[PDB]
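Everything on this sheet refers to the single structure shown next.
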Amino acid sequence: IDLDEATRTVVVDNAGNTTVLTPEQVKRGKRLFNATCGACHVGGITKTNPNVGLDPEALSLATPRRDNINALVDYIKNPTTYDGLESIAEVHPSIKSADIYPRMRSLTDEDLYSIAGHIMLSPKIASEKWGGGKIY
Amino acid sequence: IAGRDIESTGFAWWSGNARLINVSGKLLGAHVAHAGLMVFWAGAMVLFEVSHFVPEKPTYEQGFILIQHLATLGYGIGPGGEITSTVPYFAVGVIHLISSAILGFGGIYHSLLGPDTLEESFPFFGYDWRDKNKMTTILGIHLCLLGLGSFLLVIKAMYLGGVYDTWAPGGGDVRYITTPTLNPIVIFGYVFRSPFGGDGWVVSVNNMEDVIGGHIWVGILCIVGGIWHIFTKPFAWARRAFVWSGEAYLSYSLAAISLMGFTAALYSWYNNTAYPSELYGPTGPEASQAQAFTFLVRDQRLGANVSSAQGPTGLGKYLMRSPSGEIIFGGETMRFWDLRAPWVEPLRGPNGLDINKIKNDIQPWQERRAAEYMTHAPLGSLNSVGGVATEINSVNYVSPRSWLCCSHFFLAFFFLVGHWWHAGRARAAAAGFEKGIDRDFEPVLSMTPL
Amino acid sequence: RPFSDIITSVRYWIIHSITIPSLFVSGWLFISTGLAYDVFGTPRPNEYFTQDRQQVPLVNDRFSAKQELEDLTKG
Amino acid sequence: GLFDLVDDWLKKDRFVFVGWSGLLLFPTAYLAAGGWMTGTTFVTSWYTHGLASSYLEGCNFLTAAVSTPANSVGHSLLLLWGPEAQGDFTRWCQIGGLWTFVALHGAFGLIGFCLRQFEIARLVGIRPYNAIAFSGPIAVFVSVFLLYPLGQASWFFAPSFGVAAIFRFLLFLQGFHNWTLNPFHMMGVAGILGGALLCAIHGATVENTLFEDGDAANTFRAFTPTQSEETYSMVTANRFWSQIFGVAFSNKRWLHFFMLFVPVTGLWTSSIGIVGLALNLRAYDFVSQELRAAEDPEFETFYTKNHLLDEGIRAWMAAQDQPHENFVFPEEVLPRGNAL
Amino acid sequence: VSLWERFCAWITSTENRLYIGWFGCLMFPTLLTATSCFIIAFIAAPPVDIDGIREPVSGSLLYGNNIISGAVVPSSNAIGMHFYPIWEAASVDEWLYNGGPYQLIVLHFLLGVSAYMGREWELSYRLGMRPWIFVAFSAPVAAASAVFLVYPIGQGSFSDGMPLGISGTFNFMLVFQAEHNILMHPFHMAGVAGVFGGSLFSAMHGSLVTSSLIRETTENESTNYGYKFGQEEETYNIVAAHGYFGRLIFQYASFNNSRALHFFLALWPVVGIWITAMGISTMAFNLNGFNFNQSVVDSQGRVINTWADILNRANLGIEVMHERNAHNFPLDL
Amino acid sequence: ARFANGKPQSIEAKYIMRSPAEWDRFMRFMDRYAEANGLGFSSXXXXXXX
Ligand code: CLA
Ligand code: CLA
Ligand code: CLA
Ligand SMILES: CC1=C(/C=C/C(C)=C/C=C/C(C)=C/C=C/C=C(C)/C=C/C=C(C)/C=C/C2=C(C)CCCC2(C)C)C(C)(C)CCC1
Ligand SMILES: CC1=C(/C=C/C(C)=C/C=C/C(C)=C/C=C/C=C(C)/C=C/C=C(C)/C=C/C2=C(C)CCCC2(C)C)C(C)(C)CCC1
Ligand SMILES: CC1=C(/C=C/C(C)=C/C=C/C(C)=C/C=C/C=C(C)/C=C/C=C(C)/C=C/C2=C(C)CCCC2(C)C)C(C)(C)CCC1
Ligand code: OEX
Ligand SMILES: [Cl-]
Ligand SMILES: [Fe+2]
């Protein structure tokens, strides 16, 4: 089995529209995610706050929905709590807190799009370990 | 070739450098060339790290080992441990490279074309391994040089731009140490205190004032000793307990340097003052304290009454009491209650961890620092997988503290072994039975039976 | 004849510069052409799973192992 | 006679001794080595263990192995012409016949090597102690690679010829049999460590009691093979060790016999223990302590902690170690301690 | 003739049944107190809390233990790396509750073995022999120091040291595997190679020497009786043994300078044990072995398990169970 | 315990009594070695002259 066209299609928006990630995008993401996100979100789990995981099920229950590329990209632009009552940009990496966190001082849009695509795509490949944890 | 063959010498090719014991000029050439090798490595590695530098990541995530030293000296570093520019590191690297070229040429010249023995032509640089006055003279000269170097560090920290101080008000930054501590009692309290937990023989220096004062004292002591050994001659009590030969001096130096290597290895693993966590990453205990702190904060946000929740064993899972009564973080990290970090001290009162400060006056930057330190603990693997041994390999990080400590501990023990070997051989050779027994004067046959 | 004498012989290297590289290149082409996958039955990186089965292809019987493997290794 | 000149040519003096034992030593040993070399390079373990064990699939030297055949096959010989494979080299490799090939050929090569030692001793006219010493490794191989899987369900539970596979075997036996608690293993480790001790101490003692037989610092060149007198002072070494330790050797023959004896008997005791494990007759529990802990939840020793570790390793390892059982353990079923 | 002189002389005498020497002045009292305390504690030491969670563990014979399960439990986790002599406790009972005897015994044992090395060298000097046996003995001393002192220093607590017992040793080894992956560390591999090679070379050297023994005895008398203490000629034939060894493997491959042979015998296990002690010391500061977890990936991206992943599975099984009540947070730092 | 401490003397009695042992040794050592100023052997670890 390959990383074919069927398995590279992910939700792009709330509606449900589904775009396709080019293989280059996949690579760049896996790189960017491992370089910046990996230290705390290795394996699709949140190391500091294990309750708020990164698996698609938890993203589906966040407020608002975080199970599509657009909402993940917006979350990077402007992060909120699990219920979305207030912003936690001062305690989470974000473009809004670019001054606080120097890592994002260079990230571009495509970079964010590729990172979100990787986050969306990895549970389609592994399908049980993205956010699973030790057990799996 | 007279001096370079197992016949003329009696030393095999593998132990070939021992042929230089009685050859003065060639030994000097070898020493100088080796020093040139050291300088070359320093310059080359600094240039390598500057080339592979990435401004996004902190230095302790890039696998760097030398930028941290020059940053601690106060070169191209801003408040909070941010790196501004990498030009001074490049300058240091190139200067070291050029000086290494000069030293290497000198070593080669003295090893190849230089006179084999310096005693005949230059009766000032010639020695005998057996007279004590010249040995003590050389020792005193180099001791004065070391004292001048310690002075130079003090001068750099006091009037040449200052040094980086983590405990500085408003965060870590470069400052001038205006008032170093000169009290002999406080300075030698480090030297004469216990090496066990809670004491930290010389590793437990806290502020920069103590560092500067200790260096002033070391420089003064080294200058005085260097002057004294130059003038005087070894006394009677030291004249009959020491073996006076080149290999014996080498063995003494080996023992001393093994002790120094052990000290530096354990010093890089525990110290936050001369090894700021913003450059070398958090220490062993620091990561554990950061984990306990960040989970305490997270559970406090939910509204749980911290310092009132009994742990699974009934001991208290957030706040405990130290065996001395101080209030500390609970869990397995109670073994690390001796920790003192710049981001946790604001919360400490005379009684320990103040509770009113924790409940009300918490800061977001402390949360970020604790999360970053917990996410970057001095854990890793030989292939630098990073994290716990059971973790999958996505991150790529091993803390420079681990590298420094492990490498220098290994080197220190093997130099202790070198001390054992060389001390034994030097004493046997001085006695005169390093080659065999005798077969006609076997001392066992002359001793009473038993 | 001792080893060193043979190793330093020129007539040895004139028969060890047309034999060794040829053998090395043949060993390279053994898997460059992909023959080794078929000879030993090891799966290629894209043959571990198929569209029909998404789990490990274990053998459960003994005297029908041939047919079972033939089926598993269908696609 | 035709037999006589053939025997003469077999015992011809050359670079390597062939002998009668060579006839089954060389082909069997060569085939075993070649089977291991091809196994860790091309053939896979996908269809027997659900693993990847080969350089072709991306494993390094530490992870490549020749894995045991599938558990569905029992203790079958997995002959290439057997009913399980019926020729067809590819399926023979896939179901795991290469493990049996390597094991059987290596065992016969091992027999050939012991026979070769006997024949060399007879030709040179010395006593055959070398074969008796080599009987130890033969016992270890027979007990671990042959008897243990034979006592178990199938060849699947024998150790696999690989670096990491042997580590898995170690951990598996510790978790399932409490092999460290077995007294025969304790005897084996005592024998092995004592052998290493004896080797190091004898080397140091001999090298540090050399006689003055030269004038150079290099003492290696003061020895000639055709020497009659002894090169080191037995008297001085004996006195030194009797003054330091309290007891010392005074008989070179007894010294070297002891050096022979220690590791061999260690290995033999370990082999007896492994043969015991093959039937699940393991020294697992201390009944008295197990009880007294069961009736009182305050009693604790390191022994009970080891038991907890064994239960954890067993429960967490069974699912992936034995894919043929189709073990499915939900998260709430797996034993786990606190937050960690 | 002064008194000091007379003493110094008796001390450095080589006619005493056991050599005292100046290093003996440190070795004897220290080892004697260590062994006295060990013998008493192995019989009648009360339970000790090792994890500092008020869950004492019994390790004494009089508390329902046997020889194998019994041990001298290391000091409490609450103490950590702090020095805990008798006089710092408020009562002897409390000192026993927090595992002070472990610290006492281990510190004295380390000083004693160091002084033992020194005494070996000193007697070598007195007897006029070449002084390198204590260099060989350094390897076990280094291993003991790494397992008893360096590892607690790196981990930050004396509770992490090896308990003085059998089952305690096994527990220490298993937890070390779980938390550090000792097996996949090249230094442990070097140590296993060194120990196996030491046993191999010991057995082979003994067999070769005993096989080629000059016939100087009957059949109804121990072969060992042919040799007489204080001989002047070799009781064994090097030529026959070397002929057998060369015919067994290869002609080139063989040692003749018996001195080189014995040096190699000394060199192999010693360097192996040194490298192993360095493995333990390096891993005390969390430089673990190779982690080849999920290294093999198919085209799609799914992970294909290797033999290393089953090792990780067993390590997880051990890890989630060790010190069940001690942990409160997800990471073991 | 963790109270730093010059050496580990906490009570003047402890220092004043760790004193006489070292001074006793100094005296017994001085008994042999006294009135020594010269006698330079000038050799490799000889110290032959008493
Ligand atoms: C830092 C390592 C070091 C140093 C400084 C030396 C130095 C020396 N060794 Mg030596 N040695 C070493 C490692 C070292 N060794 C090691 C590792 C071994 C074990 C293999 C030996 C084994 C050994 C033996 C057996 C002998 C020496 C001897 C000597 C001395 C004379 C060498 C000589 O005549 O060179 C002659 C060699 C050459 C002329 C060829 C080398 C050409 C140059 C020097 C190489 C470097 C060029 C450099 C890259 C160019 C830089 C130019 C600069 C302007 C930038 C000299 C003092 C001899 C001695 O005792 O002297 C009395 C001797 O007999 N050594
Ligand atoms: C400043 C430190 C220092 C100095 C000046 C010396 C000086 C000397 N030592 Mg020495 N030694 C030292 C430290 C030192 N030692 C230490 C720390 C040890 C403990 C291991 C020893 C152990 C030792 C022994 C056992 C012997 C000496 C001997 C000697 C003499 C001859 C050495 C020679 O020709 O080298 C020759 C150099 C070589 C052959 C190089 C060998 C390379 C080593 C084995 C591997 C290095 C690995 C390296 C870390 C990384 C490898 C990279 C690789 C993977 C590519 C000479 C006086 C000999 C003697 O007695 O002379 C009188 C002797 O027999 N030394
Ligand atoms: C002397 C060397 C030697 C030895 C001892 C063995 C031994 C073995 N090989 Mg083997 N092998 C060898 C050389 C050797 N091999 C060589 C050189 C090759 C390369 C061609 C192979 C290739 C090979 C393969 C490919 C396989 C083996 C296998 C085996 C094992 C089972 C063999 C079997 O059942 O047949 C036993 C055969 C005999 C006992 C025949 C002996 C000769 C008879 C007695 C002559 C008289 C018979 C007569 C004609 C019959 C009369 C009629 C009858 C009705 C009475 C066994 C351990 C198999 C294995 O291990 O699978 C797991 C397997 O598949 N071998
Ligand atoms: C005696 C002897 C020896 C030794 C020798 C020695 C040790 C030497 C050294 C040498 C050396 C130690 C050298 C060095 C050199 C250096 C150099 C030559 C440098 C150069 C530099 C440069 C060219 C630079 C450039 C640059 C710049 C300026 C900028 C940036 C870029 C770059 C970096 C490019 C041996 C062992 C061999 C053998 C025996 C004898
Ligand atoms: C810088 C600094 C510091 C320091 C300072 C100081 C001031 C130091 C010093 C140091 C010192 C001050 C040291 C000393 C040492 C000593 C020693 C180490 C000794 C040794 C000795 C010996 C080794 C001897 C031997 C012997 C004997 C015992 C017997 C007889 C013989 C003989 C003589 C051989 C501090 C930490 C504060 C802080 C930071 C900075
Ligand atoms: C099984 C089988 C068989 C057989 C086969 C063969 C016999 C093969 C062989 C093969 C071989 C016979 C192979 C080999 C290979 C080899 C190799 C692959 C090697 C490699 C090497 C290396 C890699 C090395 C390394 C090293 C070391 C070890 C040490 C030092 C360093 C170095 C790095 C050099 C037959 C046909 C009967 C058919 C049936 C099946
Ligand atoms: O104490 Mn003995 O084992 Ca070293 O990791 Mn943490 O702490 Mn406890 O857990 Mn895992
Ligand atoms: Cl914890
Ligand atoms: Fe021997």
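Convention: chains lettered A, B, ... in structure tokens order; per-chain residue numbering from 1; ligands numbered from 1 as shown.
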
message: as a PyMOL selection string, please: every protein or nucleic acid residue near ligand 3 (cut-off 8 Å, counting only C-alpha atoms and all ligand atoms).
response: chain D and resi 23-28+31+77-81+97-105+108

Kindly save the residues from that selection, with C-alpha atoms included, as a tab-separated table (two decimals), in the first residue's frame.
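As a result, again.tsv now contains:
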```
chain	number	residue	atom	x	y	z
D	23	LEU	CA	33.79	-34.40	6.46
D	24	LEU	CA	30.80	-33.35	8.57
D	25	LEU	CA	32.32	-30.32	10.30
D	26	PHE	CA	33.02	-28.17	7.25
D	27	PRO	CA	29.78	-28.57	5.23
D	28	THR	CA	27.48	-28.33	8.26
D	31	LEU	CA	25.82	-24.15	5.81
D	77	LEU	CA	11.34	-30.40	11.10
D	78	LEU	CA	10.33	-27.96	8.33
D	79	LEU	CA	12.26	-29.95	5.75
D	80	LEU	CA	12.35	-28.23	2.37
D	81	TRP	CA	10.70	-31.32	0.85
D	97	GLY	CA	12.20	-23.18	7.72
D	98	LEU	CA	15.52	-21.33	7.75
D	99	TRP	CA	15.56	-21.34	11.56
D	100	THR	CA	15.37	-25.14	11.68
D	101	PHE	CA	17.89	-25.39	8.84
D	102	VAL	CA	20.39	-23.24	10.74
D	103	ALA	CA	19.76	-24.92	14.10
D	104	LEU	CA	20.08	-28.52	12.88
D	105	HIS	CA	23.12	-27.79	10.73
D	108	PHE	CA	25.79	-31.16	13.67
```

field: Selection as JSON, numbers by chain: residues within 12 Å of ligand 1 by only C-alpha atoms and all ligand atoms
entry: {"B": [1, 2, 3, 4, 5, 6, 7, 8, 9, 10, 11, 12, 13, 14, 15, 16, 17, 18, 19, 20, 21, 22, 23, 24, 25, 26, 27, 28, 29, 30, 31, 32, 33, 34, 35, 36, 37, 38, 40, 97, 98, 99, 100, 101, 102, 103, 104, 105, 106, 107, 108, 109, 110, 111, 112, 113, 114, 115, 116, 117]}

Go ahead and save the picked residues with C-alpha atoms, as an mmCIF file, in the first residue's frame.
```
data_model
loop_
_atom_site.group_PDB
_atom_site.id
_atom_site.type_symbol
_atom_site.label_atom_id
_atom_site.label_comp_id
_atom_site.auth_asym_id
_atom_site.auth_seq_id
_atom_site.Cartn_x
_atom_site.Cartn_y
_atom_site.Cartn_z
ATOM 1 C CA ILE B 1 68.124 5.906 14.415
ATOM 2 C CA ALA B 2 69.696 6.329 17.813
ATOM 3 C CA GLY B 3 66.722 7.043 19.982
ATOM 4 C CA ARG B 4 64.072 5.862 17.608
ATOM 5 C CA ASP B 5 64.285 2.070 17.696
ATOM 6 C CA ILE B 6 63.461 -0.736 20.109
ATOM 7 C CA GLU B 7 67.152 -1.517 20.248
ATOM 8 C CA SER B 8 68.618 1.859 20.969
ATOM 9 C CA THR B 9 65.762 2.569 23.357
ATOM 10 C CA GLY B 10 64.278 -0.587 24.777
ATOM 11 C CA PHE B 11 60.778 0.681 24.197
ATOM 12 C CA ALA B 12 58.425 -0.908 21.685
ATOM 13 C CA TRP B 13 56.763 1.124 18.953
ATOM 14 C CA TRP B 14 53.360 1.093 20.656
ATOM 15 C CA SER B 15 54.869 2.558 23.833
ATOM 16 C CA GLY B 16 57.044 4.795 21.687
ATOM 17 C CA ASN B 17 56.531 8.174 23.341
ATOM 18 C CA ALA B 18 58.372 6.913 26.430
ATOM 19 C CA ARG B 19 61.609 7.370 24.462
ATOM 20 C CA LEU B 20 61.251 11.133 25.042
ATOM 21 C CA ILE B 21 61.569 10.950 28.838
ATOM 22 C CA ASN B 22 65.251 11.928 28.828
ATOM 23 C CA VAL B 23 65.128 13.975 25.598
ATOM 24 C CA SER B 24 64.373 17.579 26.508
ATOM 25 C CA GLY B 25 63.946 19.385 23.189
ATOM 26 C CA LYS B 26 61.760 16.778 21.514
ATOM 27 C CA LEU B 27 59.555 16.510 24.604
ATOM 28 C CA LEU B 28 59.057 20.280 24.517
ATOM 29 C CA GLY B 29 58.162 20.057 20.837
ATOM 30 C CA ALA B 30 55.609 17.329 21.520
ATOM 31 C CA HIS B 31 54.022 19.359 24.321
ATOM 32 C CA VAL B 32 53.805 22.524 22.217
ATOM 33 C CA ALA B 33 52.380 20.684 19.212
ATOM 34 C CA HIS B 34 49.758 19.064 21.433
ATOM 35 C CA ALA B 35 48.748 22.461 22.819
ATOM 36 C CA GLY B 36 48.386 23.625 19.227
ATOM 37 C CA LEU B 37 46.069 20.672 18.651
ATOM 38 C CA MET B 38 43.899 21.767 21.587
ATOM 39 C CA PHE B 40 42.849 24.096 16.788
ATOM 40 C CA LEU B 97 42.634 28.905 14.492
ATOM 41 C CA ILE B 98 45.469 31.313 13.667
ATOM 42 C CA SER B 99 47.090 30.831 17.069
ATOM 43 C CA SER B 100 46.821 27.064 16.620
ATOM 44 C CA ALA B 101 48.650 27.333 13.303
ATOM 45 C CA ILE B 102 51.470 29.216 15.034
ATOM 46 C CA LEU B 103 51.656 26.729 17.911
ATOM 47 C CA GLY B 104 51.660 23.758 15.550
ATOM 48 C CA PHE B 105 54.539 25.190 13.551
ATOM 49 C CA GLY B 106 56.486 25.767 16.756
ATOM 50 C CA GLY B 107 55.873 22.240 17.986
ATOM 51 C CA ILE B 108 56.930 20.736 14.662
ATOM 52 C CA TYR B 109 60.097 22.840 14.581
ATOM 53 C CA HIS B 110 61.084 21.885 18.116
ATOM 54 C CA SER B 111 60.342 18.214 17.541
ATOM 55 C CA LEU B 112 62.166 17.841 14.213
ATOM 56 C CA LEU B 113 64.964 20.413 13.876
ATOM 57 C CA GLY B 114 65.282 21.629 17.463
ATOM 58 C CA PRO B 115 68.189 20.331 19.529
ATOM 59 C CA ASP B 116 67.420 17.015 21.193
ATOM 60 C CA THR B 117 68.691 18.177 24.594
#
```

field: residue A:30 surroundings by only C-alpha atoms, 7 Å radius, close-in-sequence under 4 positions cut, as a PyMOL selection string
entry: chain A and resi 26+34+118

Once you have the residues from the selection above, write them out as a PDB file, in the first residue's frame, restricted to C-alpha atoms.
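Saved the output as again-v4.pdb:
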```
ATOM      1  CA  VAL A  26       3.320  16.049   3.934  1.00  0.00           C
ATOM      2  CA  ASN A  34       8.588  17.484  14.709  1.00  0.00           C
ATOM      3  CA  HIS A 118       0.034  16.717   8.993  1.00  0.00           C
TER       4      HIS A 118
END
```

field: Residues within 7 Å of ligand 6, counting only C-alpha atoms and all ligand atoms, as a count of residues only
entry: 7

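For residue D:157, the set of protein, DNA and RNA residues having any atom at most 8 Å away, when counting only C-alpha atoms and skipping those fewer than 5 positions along the same chain, is residues 68, 149 and 152 of chain D.
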
Save the residues we just selected, N, CA, C and O atoms, as an mmCIF file, in the first residue's frame?
```
data_model
loop_
_atom_site.group_PDB
_atom_site.id
_atom_site.type_symbol
_atom_site.label_atom_id
_atom_site.label_comp_id
_atom_site.auth_asym_id
_atom_site.auth_seq_id
_atom_site.Cartn_x
_atom_site.Cartn_y
_atom_site.Cartn_z
ATOM 1 N N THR D 68 12.205 -17.665 14.597
ATOM 2 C CA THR D 68 11.676 -19.008 14.712
ATOM 3 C C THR D 68 10.443 -19.172 13.826
ATOM 4 O O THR D 68 9.774 -18.192 13.491
ATOM 5 N N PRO D 149 12.514 -25.466 23.442
ATOM 6 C CA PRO D 149 11.360 -25.428 22.531
ATOM 7 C C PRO D 149 10.643 -26.758 22.419
ATOM 8 O O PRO D 149 9.425 -26.780 22.211
ATOM 9 N N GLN D 152 8.183 -26.979 25.098
ATOM 10 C CA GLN D 152 7.147 -25.965 24.997
ATOM 11 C C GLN D 152 6.174 -26.314 23.873
ATOM 12 O O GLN D 152 6.137 -27.441 23.376
#
```

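Distances to ligand 5 were evaluated for B:306, B:153, B:50, B:227 using only C-alpha atoms and all ligand atoms, and the minimum falls at B:153.
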
Would you mind listing, for every residue of chain F within 12 Å of stretch 170-186 of chain B, the two atoms forming the shortest contact and the distance between them in Å to one decimal, using only C-alpha atoms, sorted by chain and ascending residue number, as a Markdown table?
```
| residue | atom | partner | partner_atom | distance |
| --- | --- | --- | --- | --- |
| F:4 | CA | B:186 | CA | 10.5 |
| F:5 | CA | B:186 | CA | 10.2 |
| F:6 | CA | B:185 | CA | 8.5 |
| F:7 | CA | B:185 | CA | 11.8 |
```

message: Let me see if you get this right: every residue at most 9 Å from ligand 9, counting only C-alpha atoms and all ligand atoms, written as a ChimeraX atom specification.
response: /D:202-203,206,252,255-256 /E:205-206,209,258,261-262

task: Run DSSP on the backbone of this structure and report the residues of stretch 149-369 of chain B it assigns to helix (DSSP H, G or I), as a PyMOL selection string.
output: chain B and resi 149-159+184-191+208-231+236-239+246-270+277-280+284-301+331-336+345-347+355-359+364-369

task: For ligand 8, collect every residue having any atom at a distance of at most 6 Å from a ligand atom (counting only C-alpha atoms and all ligand atoms); output as a list in words.
output: residues 331, 332 and 333 of chain B; 327, 328 and 329 of chain E
